[PDB]
Ligand SMILES: *[C@@H]1O[C@H](CO)[C@@H](O[C@@H]2O[C@H](CO)[C@@H](O)[C@H](O)[C@H]2NC(C)=O)[C@H](O)[C@H]1NC(C)=O
Ligand SMILES: *[C@@H]1O[C@H](CO)[C@@H](O[C@@H]2O[C@H](CO)[C@@H](O)[C@H](O)[C@H]2NC(C)=O)[C@H](O)[C@H]1NC(C)=O
Ligand SMILES: *[C@@H]1O[C@H](CO)[C@@H](O)[C@H](O)[C@H]1NC(C)=O
Ligand SMILES: *[C@@H]1O[C@H](CO)[C@@H](O)[C@H](O)[C@H]1NC(C)=O
Ligand SMILES: *[C@@H]1O[C@H](CO)[C@@H](O)[C@H](O)[C@H]1NC(C)=O
Ligand SMILES: *[C@@H]1O[C@H](CO)[C@@H](O)[C@H](O)[C@H]1NC(C)=O
Ligand SMILES: *[C@@H]1O[C@H](CO)[C@@H](O)[C@H](O)[C@H]1NC(C)=O
Ligand SMILES: *[C@@H]1O[C@H](CO)[C@@H](O)[C@H](O)[C@H]1NC(C)=O
């Protein structure tokens, strides 16, 4: 999100220039309104994705789920913030990129902080582990995790004795895949270019706008 | 019975004063302001 | 530069009252009377820039509303998890949002919960289709 | 928005959808369109469960060295006997052969229990 | 992109999806959101 100042940008602290600028009219108020609309829309965009359940559920204290291991994805309380290990790698990889220019240009802060967003994803994870799809349609109804997995196996068209007869093998495969995700993400060729390009585009656009001030336009 | 009662409440809740139809009022308002500003711009000397 | 240009004003609505609050983006409480040059400003502007209701936020310095402890849903955003609202004699308060109600459901090895009744509900959806 | 509203009309109104929360909040039953200035309003009719109770449950049921699995339900007990009910509404029923299917014996499944599965034909075959 | 992410949260995470290739590559079983700067990361558990 960003914001602009008509006068401080166009007329640099020059009161005669500021007086003369009044002739042109409503141009920069138009620009201000457009930018304000964008800024509000950003916070709405963040709200829609994550704020899907009112009720904030909590992680169970006992961590036995029939052999399925989720410690990689669940929040880790020891480290000061409740960020899961994978969220830690993500927040260390993306953030290679509130500036010295301030020629009338600021960068406003987001409305929801990262602690709040982490709380929301934790609520969804806890609800999903304990109850199945039920918590997004009504009140949460607990169910054992292997029975939930059998339900899903029926969903995709394989009978449910198969899960109960290969429970251990299935759990091992799932744990191994979760383990490998960390390394696949730690692979140097950045798969996070999608989120790096946003910061790159914004920084470069601001630099171009600022550098434009040292031009004469044929004067 | 549940169906009928729900429909009655729907009508009342829409009838509530708070703006529930802002998504449709904005389409009107935006055009009004656009034209108003466009007319206002005629009174600018533009350096003359 | 000479002076910081614009501020942000929080109003409950001229319908309701005439109190406000002012937000000084990007500055810090102790030097707010400076960099606004509060001395040359008229009175009724010097009432802000100092006082007993002075708050520091990640977004800036907020003067004119006090900080309660309990939480409510957002009414007027200010930034960084801080909202504000007009509420009980009558004044403007500023708090932290509440993300939602608190809950915790019981997971056990061999327990299952099953509904025994149903309700039918009707909801609405408003969408635009065209413009002038 | 126009494209979204056309999709919602095709799927919500002229059919019953299984996309979650696309067509209302809950389990979808039907929809009804109305007309507004520059717009449209849908009225969604859904299903929402209520008034749940806890029970205790098991994966399968061992009987004669055979394991019965439910066909379209979940085994539950009220502390004394074991029934099988459908899944979104509580209707206990007697466990019979028509209700379940059999696969393997009782040493592989974890959490299996002991009970009897009544056979409809034998009481008819008194002699 | 944000509207897409909301749809994936509703279909992929709070339910089990029957659309092909929407939620991963395989047959979909479940998914787990994880937060990241200026976006979100999904983990799609499937069958092969
Ligand atoms: C779930 O997986 C984690 C990650 O492998 C397990 O944590 C490991 O525990 C063993 C035994 O203490 C250690 O040798 C590893 O170094 C641990 N890994 C890490 C990254 O610390 C965890 O034990 C598993 N869950 C259970 C219940 O065993
Ligand atoms: C399911 O809920 C409905 C209400 O939604 C219950 O119906 C009520 O029953 C009581 C007792 O007979 C009546 O006094 C109410 O007038 C009923 N409400 C309506 C709207 O008709 C129903 O009893 C519940 N199901 C069960 C098994 O108790
Ligand atoms: C202020 O608002 C109230 C209710 O919103 C209304 O009754 C009153 O008429 C408004 N004031 C004026 C001057 O219209
Ligand atoms: C505000 O300024 C004072 C002194 O100039 C300083 O001690 C304080 O840390 C500043 N505020 C913040 C949030 O750093
Ligand atoms: C479920 O069983 C496991 C292992 O048998 C045990 O660790 C756990 O405490 C049990 N949970 C309950 C609620 O009995
Ligand atoms: C029944 O379920 C409720 C969930 O609200 C729980 O608090 C209670 O302990 C359960 N009782 C049992 C499992 O006996
Ligand atoms: C369980 O259900 C059976 C069959 O309806 C009944 O005979 C028995 O009394 C019930 N047990 C309890 C504890 O209610
Ligand atoms: C179930 O019945 C068999 C019959 O031989 C017995 O061996 C087994 O111990 C029983 N299991 C339980 C949990 O009662």
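With ideal geometry, Cβ positions are generated from the backbone for all residues, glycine too; neighbour counts draw on all protein chains shown. Taken together, the values in this text are just the output of simple stated rules run on the coordinates, not laboratory data.
Figures for the structure shown
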read-out	value
Looking only at the range E:1-21, and only at residues there that are more than 7 Å from every other protein chain (Cβ to nearest Cβ) and surrounded by 15 or more Cβ atoms within 10 Å (Cβ to Cβ), the one that is farthest from residue A:151 (Cα to Cα)	E:7
Counted residues, the range C:6-26 - those being exposed (fewer than 13 other Cβ atoms within 10 Å of the Cβ) and more than 17 Å from the chain's Cα centre (by Cα)	4
The range A:130-148, subset within 16 Å of ligand 5 (Cβ to nearest atom) and not in a loop (DSSP other than H, G, I, E, B), residue nearest to residue A:58 (Cα to Cα)	A:130
Test result for residue A:135, touching a helix residue (DSSP H, G or I) at 6+ places or on another chain (Cβ under 6 Å) and farther than 23 Å from residue C:82 by Cα	yes
Residue list for the range C:73-98, restricted to those being assigned to a loop (DSSP other than H, G, I, E, B) and within 21 Å of residue A:39 (Cα to Cα)	C:73, C:74, C:75, C:80, C:81
Checking residue A:117 against (1) farther than 29 Å from residue D:22 by Cβ; (2) buried (at least 17 other Cβ atoms within 10 Å of the Cβ); (3) under 24 Å from the mean Cα position of the chain (by Cα); (4) within 13 Å of chain C (Cβ to nearest Cβ), the condition it does not meet	(1)
Flag for residue B:36 being under 25 Å from the mean Cα position of the chain (by Cα) and part of a helix (DSSP H, G or I)	yes
Residues of the range C:10-51 satisfying the condition of being within 14 Å of chain A (Cβ to nearest Cβ) and either within 16 Å of ligand 8 (Cβ to nearest atom) or within 17 Å of residue C:93 (Cβ to Cβ) (or both)	C:23
Residue A:65 within 11 Å of chain C (Cβ to nearest Cβ), surrounded by 16 or more Cβ atoms within 10 Å (Cβ to Cβ) and assigned to a loop (DSSP other than H, G, I, E, B)	yes
Residue D:111 within 16 Å of ligand 5 (Cβ to nearest atom), within 9 Å of chain C (Cβ to nearest Cβ) and more than 19 Å from the chain's Cα centre (by Cα)	yes
Only one of B:9, B:23, B:45, B:40 that is over 22 Å from residue A:31 (Cβ atoms) and within 14 Å of chain A (Cβ to nearest Cβ)	B:23
Those residues of the range A:164-183 which are closer than 16 Å to residue E:45 by Cβ and crowded, with 20+ Cβ neighbours inside 10 Å, in sequence order	A:167
Residue in the range A:143-155 that is within 7 Å of another protein chain (Cβ to nearest Cβ) and within 16 Å of ligand 1 (Cβ to nearest atom) present	no
Selection status of residue C:116, outside any loop (DSSP other than H, G, I, E, B), within 30 Å of residue D:45 (Cα to Cα) and in contact with a strand residue (DSSP E or B) (Cβ under 7 Å, 6 or more places away or on another chain)	yes
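A quick yes/no check of all residues on (1) within 16 Å of ligand 1 (Cβ to nearest atom); (2) farther than 30 Å from residue D:4 by Cβ; (3) away from chain C (no Cβ under 14 Å):
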| residue | (1), (2), (3) |
| --- | --- |
| D:39 | no, no, no |
| D:44 | no, no, no |
| D:49 | no, no, no |
| D:65 | no, yes, yes |
| D:72 | no, yes, yes |
| D:78 | no, yes, no |
| D:81 | no, yes, yes |
| D:115 | no, yes, yes |
